[PDB]
Amino acid sequence: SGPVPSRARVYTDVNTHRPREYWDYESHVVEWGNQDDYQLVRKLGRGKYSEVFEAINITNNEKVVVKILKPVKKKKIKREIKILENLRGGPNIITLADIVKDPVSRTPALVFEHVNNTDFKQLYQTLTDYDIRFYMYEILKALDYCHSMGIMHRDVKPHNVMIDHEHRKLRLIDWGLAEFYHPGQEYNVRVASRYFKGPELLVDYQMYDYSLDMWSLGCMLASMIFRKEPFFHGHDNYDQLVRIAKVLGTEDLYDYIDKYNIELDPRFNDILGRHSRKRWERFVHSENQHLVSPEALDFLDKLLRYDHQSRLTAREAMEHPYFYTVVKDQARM
Ligand SMILES: Brc1cc2[nH]nnc2nc1Br
């Protein structure tokens with residue numbers, strides 16, 4: 001009789017109380033700059049949707065980062081721009097500095113504040129127990145802010161977390177998949193990386209919310225404290241849910257499907273089978289035990305839930321005992 005509707009438990013109507021211009025990015029007018037102010041130095045990396053370069057602003061001799069966008073729909077460019085401008089100045093949010101366009105090829109490019117070319121994926125293995133809690137707390141600051149601004153990132157993964165370990169700085173980047181949350185709106189489930197897709201994306205439940213980012217955050221935490229990258233290692237979108245079901249169990253999965261009256265793809269009933277909910281001790285060994293604690297396992301369990309409504313919010317996560325020492329040390333400053 002159709003899926004059961006769902007609402008976010010926090011920041012549900014923040015966009016409703018704002019002017020239309022805040023979230024109606026289709027009508028957003030882009031403030032274009034002059035690309036002659038920037039000279040590219042070297043390429044930093046590629047991607048399906050952009051190429052990233054280190055560049056120099058020749059007007060003030062400032063180092064910047066230039067993201068030349070691949071050809072995508074104009075509304076998607078306006079969405080990333082509007083979200084970056086709404087979140088500008090937020091805690092641990094990357095700063096959009098300028099928007100330029102090649103006068104010949106009409107190719108748009110975003111100019112960001114400079115950050116050291118080193119992300120969370122390259123640094124996790126050398127991090128101590130305290131470093132994991134510290135940087136996870138910094139990620140939660142950025143997530144709680146953008147959620148409070150009515151925006152979900154929808155692509156939380158270590159590759160999108162830039163870290164300057166010398167200064168202990170952290171920046172959340174790549175907002176090309178972020179969207180504004182509106183209660184009752186059905187979103188595209190073809191988002192995020194395979195290993196970080198929430199169960200709602202794999203069962204094709206479109207009325208999701210900020211809680212999607214909290215699942216992806218839980219996938220990062222599990223891979224770091226267990227040193228298993230990725231943690232849920234599926235061969236495809238169907239097998240990705242099977243890998244999750246082999247850990248969280250199938251009974252909670254069918255209760256989740258039953259609660260929201262989700263029409264499960266018939267290709268799943270032959271491959272899901274029957275699996276019990278595993279204990280987190282199964283993934284602990286002598287090489288990751290220094291990163292695993294009862295607080296870490298209790299915090300991880302509250303993030304990786306089938307029911308998106310039962311996962312911790314970003315604000316609830318920041319108050320878990322897992323961060324008690326980090327919060328106390330920041331108060332000492
Ligand atoms: Br700074 C920076 C900002 C980005 N936005 N999307 N990808 C990005 N990469 C780097 Br590096």
# chains A, B, ... in the order shown; residues from 1 in each chain; ligands from 1
>>> residues_near_ligand(ligand="ligand 1", cutoff="9 Å", atoms="only C-alpha atoms and all ligand atoms", output="VMD selection string")
chain A and resid 44 to 45 47 50 to 54 64 to 67 94 to 96 110 to 119 160 162 171 to 176
>>> write_last_selection(atoms="C-alpha atoms", output="JSON list (two decimals), in the first residue's frame")
[["chain", "number", "residue", "atom", "x", "y", "z"],
["A", 44, "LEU", "CA", 46.57, 17.03, -7.29],
["A", 45, "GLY", "CA", 44.11, 14.35, -8.40],
["A", 47, "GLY", "CA", 37.79, 12.06, -10.35],
["A", 50, "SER", "CA", 36.27, 16.98, -11.49],
["A", 51, "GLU", "CA", 40.04, 17.40, -11.58],
["A", 52, "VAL", "CA", 41.80, 19.09, -8.66],
["A", 53, "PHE", "CA", 44.80, 21.39, -9.13],
["A", 54, "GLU", "CA", 47.10, 23.41, -6.92],
["A", 64, "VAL", "CA", 44.65, 28.07, -3.59],
["A", 65, "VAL", "CA", 43.06, 24.83, -4.80],
["A", 66, "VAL", "CA", 41.18, 24.80, -8.11],
["A", 67, "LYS", "CA", 38.50, 22.19, -8.86],
["A", 94, "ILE", "CA", 36.03, 23.90, 3.39],
["A", 95, "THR", "CA", 35.94, 27.55, 2.29],
["A", 96, "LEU", "CA", 34.87, 28.43, -1.25],
["A", 110, "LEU", "CA", 35.68, 26.28, -8.07],
["A", 111, "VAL", "CA", 38.48, 27.92, -6.08],
["A", 112, "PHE", "CA", 38.95, 26.81, -2.47],
["A", 113, "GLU", "CA", 41.15, 27.73, 0.45],
["A", 114, "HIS", "CA", 44.45, 25.87, 0.35],
["A", 115, "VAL", "CA", 44.80, 22.66, 2.34],
["A", 116, "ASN", "CA", 47.69, 20.20, 2.47],
["A", 117, "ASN", "CA", 47.13, 17.35, 0.00],
["A", 118, "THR", "CA", 46.61, 14.70, 2.67],
["A", 119, "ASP", "CA", 43.27, 13.12, 3.59],
["A", 160, "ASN", "CA", 36.47, 13.59, 1.50],
["A", 162, "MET", "CA", 41.25, 16.56, 4.43],
["A", 171, "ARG", "CA", 38.17, 20.10, 6.56],
["A", 172, "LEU", "CA", 35.15, 18.34, 5.06],
["A", 173, "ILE", "CA", 35.26, 18.68, 1.27],
["A", 174, "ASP", "CA", 33.44, 17.58, -1.91],
["A", 175, "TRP", "CA", 29.87, 18.88, -1.55],
["A", 176, "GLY", "CA", 28.80, 17.98, -5.10]]
>>> residues_around(residues="residue 246 of chain A", least_positions_apart="6", cutoff="8 Å", atoms="only C-alpha atoms", output="JSON, numbers by chain")
{"A": [275, 276, 277, 278]}
>>> write_last_selection(atoms="N, CA, C and O atoms", output="CSV table (one decimal), in the first residue's frame")
chain,number,residue,atom,x,y,z
A,275,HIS,N,21.0,-14.7,8.6
A,275,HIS,CA,22.3,-14.4,9.3
A,275,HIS,C,22.0,-13.8,10.6
A,275,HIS,O,21.1,-13.0,10.8
A,276,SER,N,22.7,-14.2,11.7
A,276,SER,CA,22.6,-13.7,13.0
A,276,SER,C,23.4,-12.4,13.1
A,276,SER,O,24.3,-12.1,12.4
A,277,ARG,N,23.0,-11.6,14.1
A,277,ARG,CA,23.7,-10.4,14.4
A,277,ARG,C,25.0,-10.7,15.1
A,277,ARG,O,25.0,-11.4,16.2
A,278,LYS,N,26.2,-10.3,14.6
A,278,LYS,CA,27.5,-10.7,15.1
A,278,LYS,C,27.9,-9.7,16.2
A,278,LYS,O,27.5,-8.6,16.2
>>> atom_distance(atom1="atom CA of residue 126 of chain A", atom2="atom CA of residue 325 of chain A")
20.1 Å
>>> closest_atom_pairs(of="segment 177-218 of chain A", to="segment 12-30 of chain A", cutoff="10 Å", atoms="only C-alpha atoms", output="CSV")
residue,atom,partner,partner_atom,distance
A:179,CA,A:23,CA,8.9
A:180,CA,A:23,CA,6.4
A:181,CA,A:15,CA,7.3
A:182,CA,A:15,CA,6.8
A:183,CA,A:12,CA,6.4
A:209,CA,A:12,CA,9.0
A:210,CA,A:12,CA,9.5
>>> write_last_selection(atoms="N, CA and C atoms", output="compact mmCIF listing (two decimals), in the first residue's frame")
# COMPACT_ATOMS: atom_id res chain seq x y z
N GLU A 179 22.66 17.83 -0.47
CA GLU A 179 21.33 18.31 -0.79
C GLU A 179 20.69 18.94 0.44
N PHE A 180 19.70 19.79 0.19
CA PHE A 180 18.90 20.38 1.26
C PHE A 180 17.82 19.40 1.69
N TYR A 181 17.64 19.26 3.00
CA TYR A 181 16.59 18.39 3.51
C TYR A 181 15.26 19.12 3.56
N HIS A 182 14.24 18.52 2.97
CA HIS A 182 12.87 19.02 3.03
C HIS A 182 11.97 17.88 3.49
N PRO A 183 11.17 18.08 4.53
CA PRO A 183 10.33 16.98 5.03
C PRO A 183 9.33 16.53 3.98
N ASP A 209 17.08 11.19 5.30
CA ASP A 209 17.44 12.49 5.85
C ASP A 209 18.90 12.54 6.31
N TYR A 210 19.19 13.39 7.29
CA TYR A 210 20.57 13.59 7.74
C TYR A 210 21.18 12.30 8.27
>>> residues_around(residues="residue 200 of chain A", least_positions_apart="6", cutoff="12 Å", atoms="only C-alpha atoms", output="ChimeraX atom specification")
/A:6,186-192,206-213,215-216,237,241,253,256-257,260,262-264,304-309
